[PDB]
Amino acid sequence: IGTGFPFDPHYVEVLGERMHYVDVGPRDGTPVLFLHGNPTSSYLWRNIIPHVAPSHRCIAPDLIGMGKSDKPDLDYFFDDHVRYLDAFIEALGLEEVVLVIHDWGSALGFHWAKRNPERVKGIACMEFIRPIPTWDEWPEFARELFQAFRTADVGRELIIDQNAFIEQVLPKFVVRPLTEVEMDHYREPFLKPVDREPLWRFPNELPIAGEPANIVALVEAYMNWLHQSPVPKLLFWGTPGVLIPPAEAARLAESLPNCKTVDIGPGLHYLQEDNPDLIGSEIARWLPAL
């Protein structure tokens, strides 16, 4: 598994802030837009993109306040990310797209898809955000941790002061051991504690136990759209998973229209770090059929 990030940097100005993105592959057909989540960046996609780039344009932005993108003094609510991503897509003059999405990147992607259904040609997804009705549906191996993340004072102490989302959550949710080089790549955006605001707000935006109500409503909305959309879908899952356990992937395999599922083997949350070659190769095999 490659530790390097051999991609020329690109920046586009979005609402007075520069957003970094990877942009490789041929420029004529439909682009594949890769959307990371918390606490990652386009670095998450580094070993997946090379399978896809030979045949298709790969665009992978770093979300505002993350990766190599500018870091405005925002609250970094989900709605903030929505506004910047909406503006990024229009800034590049993208028409139709294929989405490849994960975690908060999936919330963003699905919400964009619901609002622009005519412009989405396919969705490849993995460990995506769905309503979590109770904490019983959250893996026992991370229940107290994320409960603490959403507790007053304690949450900020763990995520901001101690950098728990980088130093604990990342290794905890990758089955194979991450190298020091890989950790340093993930560390680089958040060397300054103050810049960890998005890493704390994201877990506090998760639709868990009916709160926050607005996000629950929004996620329910795009899941309702997804369940009745004819757009081709490719769902990657792992055992035992985090957001999408095997049993959930099985239900989605039946319920989601026009959906193919791919079992990546052992996986938690950052499936891209466990089996990037299978994820990349399957996306590549899938795209020409769109």
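In case it trips you up, residue 1 is the first one in the sequence shown, and so on.
Between the stretches 170-178 and 72-80, it is 72-80 that shows the larger average CA temperature factor.
Look at the C-alpha B-factors of 119-127 and of 207-215. On average they run higher in 207-215. The residue among 239, 255, 47, 42 whose C-alpha carries the highest B-factor in the deposited model is 255. Listed residues 89, 113, 100, 194 were ranked by CA B-factor as deposited; 194 comes out on top.
In the deposited entry, the Cα temperature factor of residue 1 sits in the top third of values across the chain's modelled residues. Looking at the C-alpha B-factors along this chain, the one for residue 139 belongs to the highest third. Among all modelled residues in its chain, residue 259 ranks in the middle third by Cα B-factor.
Split the chain's modelled residues into thirds by C-alpha temperature factor. Residue 107 is in the lowest one. Among the modelled residues of its chain, residue 37 has a C-alpha B-factor that falls in the lowest third, as given in the PDB entry.
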